[PDB]
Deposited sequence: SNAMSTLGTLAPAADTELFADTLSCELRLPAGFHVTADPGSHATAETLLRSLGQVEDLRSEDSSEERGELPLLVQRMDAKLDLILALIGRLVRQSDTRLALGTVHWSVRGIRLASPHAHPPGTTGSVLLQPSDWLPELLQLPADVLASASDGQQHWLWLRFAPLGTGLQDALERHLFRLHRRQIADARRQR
């Protein structure tokens, strides 16, 4: 129950906020990863819309909400959709389940939906630390490649906020 790859499990979660939650997520092999700016922007933006001025600005915001809602729905109604499941996520890496096992050292990108109303996916380049199967299937232990100052700060804030939300 996690101790089927204790070495990685410790590297990814020891002494750091590690959340256990259900969300669409998966590992995709590729030499073509994503961008840090993009992931940072996505994270901070989700957070900034946490919860006025001249009427024109108030109605501009109403228009924005309508646009986001429409576009949000169009994507969610045609996208492939990632495998929904229980994952263990920290600023260092993620413990999720994938269709097939992978050799440790396999490069790629972890794809996850940080929010469920918004179908925008978070793409984080990562490598496999371990690939042990038993939850009937193959579980992956992915280690994110260095995030950089900004993205890492965003991710910790995201996880911290996500945790308190859950702790209530």
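Enquirer: What ranges of the deposited sequence, counted from 1, have no C-alpha atoms in this structure?
Expert: Model skips 1-6, 58-68, 186-191 of the deposited chain.
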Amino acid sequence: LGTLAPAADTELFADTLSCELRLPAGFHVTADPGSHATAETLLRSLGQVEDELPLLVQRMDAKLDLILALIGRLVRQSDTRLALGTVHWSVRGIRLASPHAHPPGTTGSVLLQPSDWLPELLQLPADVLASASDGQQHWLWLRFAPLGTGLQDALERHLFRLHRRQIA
From here on, numbers count along this sequence of modelled residues.
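Enquirer: Give the stretch, out of 129-137 and 112-120, with the larger mean C-alpha temperature factor in the deposited entry.
Expert: Higher mean C-alpha B-factor: 129-137.
Enquirer: Averaging only over Cα atoms, indicate whether 22-30 or 65-73 has the higher B-factor in the PDB entry.
Expert: The recorded data point to 22-30.
Enquirer: Per the entry, which of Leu43, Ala37, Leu53, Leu142 tops the list for Cα B factor?
Expert: Answer for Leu43, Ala37, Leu53, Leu142: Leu53, with the highest C-alpha B-factor.
Enquirer: Which third, lowest, middle or highest, does the CA B-factor of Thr86 fall in along this chain?
Expert: Middle third of the chain for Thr86's C-alpha B-factor.
Enquirer: What third of its chain, lowest, middle or highest, does the C-alpha temperature factor of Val57 fall into?
Expert: As the PDB entry reports it, the C-alpha B-factor of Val57 lands in the middle third of its chain.
Enquirer: Lowest, middle or highest third of the chain for the C-alpha temperature factor of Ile94?
Expert: As the PDB entry reports it, the C-alpha B-factor of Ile94 lands in the lowest third of its chain.
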